[PDB]
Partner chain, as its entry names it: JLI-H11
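Here you get one chain, nothing else, as structure tokens; it is the form deposited without the partner chain.
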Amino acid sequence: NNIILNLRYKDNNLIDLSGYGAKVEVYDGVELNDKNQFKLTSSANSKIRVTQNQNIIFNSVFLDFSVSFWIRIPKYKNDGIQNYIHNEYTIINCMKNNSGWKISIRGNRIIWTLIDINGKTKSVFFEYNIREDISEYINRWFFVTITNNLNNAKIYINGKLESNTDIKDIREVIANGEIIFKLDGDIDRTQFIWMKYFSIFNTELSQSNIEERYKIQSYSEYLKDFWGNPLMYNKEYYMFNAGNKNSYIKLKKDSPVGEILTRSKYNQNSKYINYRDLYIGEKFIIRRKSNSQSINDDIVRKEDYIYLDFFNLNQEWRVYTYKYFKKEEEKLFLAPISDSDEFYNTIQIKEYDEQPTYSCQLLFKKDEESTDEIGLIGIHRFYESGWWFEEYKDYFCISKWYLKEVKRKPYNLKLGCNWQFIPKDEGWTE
């Protein structure tokens, strides 16, 4: 409600479904999908022009409005950190007679600029850290909302207030110009931005309305990968533990188990950046257990029954749990595909969290029918060796312990039963 522009995918196109029937021109250089995602590149013809309807009556000038959208901003090039930090570029422009708003990016900053008839210019921005071992923001879908009052220009991220500027010094802003979606500034030939669900409202939205909107635009039947795109069957993925962020799974040498190693890090000499490597450890692949069920698309849904496979020695291997583990946690068995009575191979994929998340849980069961729970896949510190000094070592494991900890509310984000799946993505190079 109060919505005055609402860009949505429809028949190989973007259209205003606000109910005010704006004209939208998508040029040949914009990539679209039925997931409502669209891509702006460096190309001259990667642009969208939106003309607001001029046969219906709207405000000539206005300073009580809001802009909502999701964005996915690719990681800096390691050898391009100078240009990234310094070179500001517009992504969305709405200016008639040298006044109105624009959205722009300078490296790890997203910037909201107002300009009045007089030419007074005020900005509010949101900067994310590019020294984090694992960023919540770099190359990942997140939710932006910018509200405007007479007093305050606010930026909310994933439903939470983050930045505030005083804009009482600005009285008059023209908000009825053409909205041009286009990368405009000294960008690299390879620069691009993904956006979805771009909306404009004729009101300043409450924090409550922004958080309800974050939760609804986040909800799906289907699970999501590390980047925030839909999780897929038959797709190569690396595995991230949300509970042990700097951990990764590797097949132990001459042993059919998964040892947990520490992620390698950014090794070059830039003082401005640091990250943990993401494209390390075993390459996993998700398979549907059943083909007799209806499987029109390759999208992984909550409560689906899967096999969890990985590649070893140019062969597809599988993750099993031993059937008879008396202990509270056991090392998983990583071995070729095999009908063996001594091991379970069936996983149900769960979402125990009720807040928006990209994490999922992996529940071993007897059969698709059996109603009893064996344990959740996680990580555990096991006794390795020593009598005087005791060596302990992390292994890829199952645990009954997790079954009780997933029931506690608010959901414990720190549990090692919380996994994300990371495919190779052009927006992350290391």
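Positions refer to the first chain, counted from 1. Here, rigid core means the biggest group of C-alpha atoms that superpose within 1.5 Å across both forms. Residues that one form lacks are left out of the comparison.
Below: the form solved in complex with the partner chain, not depicted.
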> in the entry with it bound, which of 229-237, 100-108, 69-77, 355-363 comes within 4.5 Å of the partner chain (heavy atoms)?
Replying inline: 229-237
> Given that the partner chain is left out here, which of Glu127, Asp186, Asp166, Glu316 has a heavy atom within 4.5 Å of it in the entry with it bound?
Replying inline: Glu316
> Among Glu282, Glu351, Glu88, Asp309, which has at least one heavy atom within 4.5 Å of the partner chain in the entry with it bound?
Replying inline: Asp309
> Are any of the heavy atoms in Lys302 no more than 4.5 Å from a heavy atom of the partner chain in the entry with it bound?
Replying inline: no
>> Considering non-hydrogen atoms and a 4.5 Å limit, does the partner chain approach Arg287 in the entry with it bound?
In response: yes
> Given that the partner is absent here, does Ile337 sit within 4.5 Å of the partner chain in the entry with it bound, heavy atoms only?
Replying inline: yes
>> Residues present in both forms only, core superposed, 2 Å C-alpha shift required: which runs of three or more differ between this form and the one not shown?
In response: 54-56
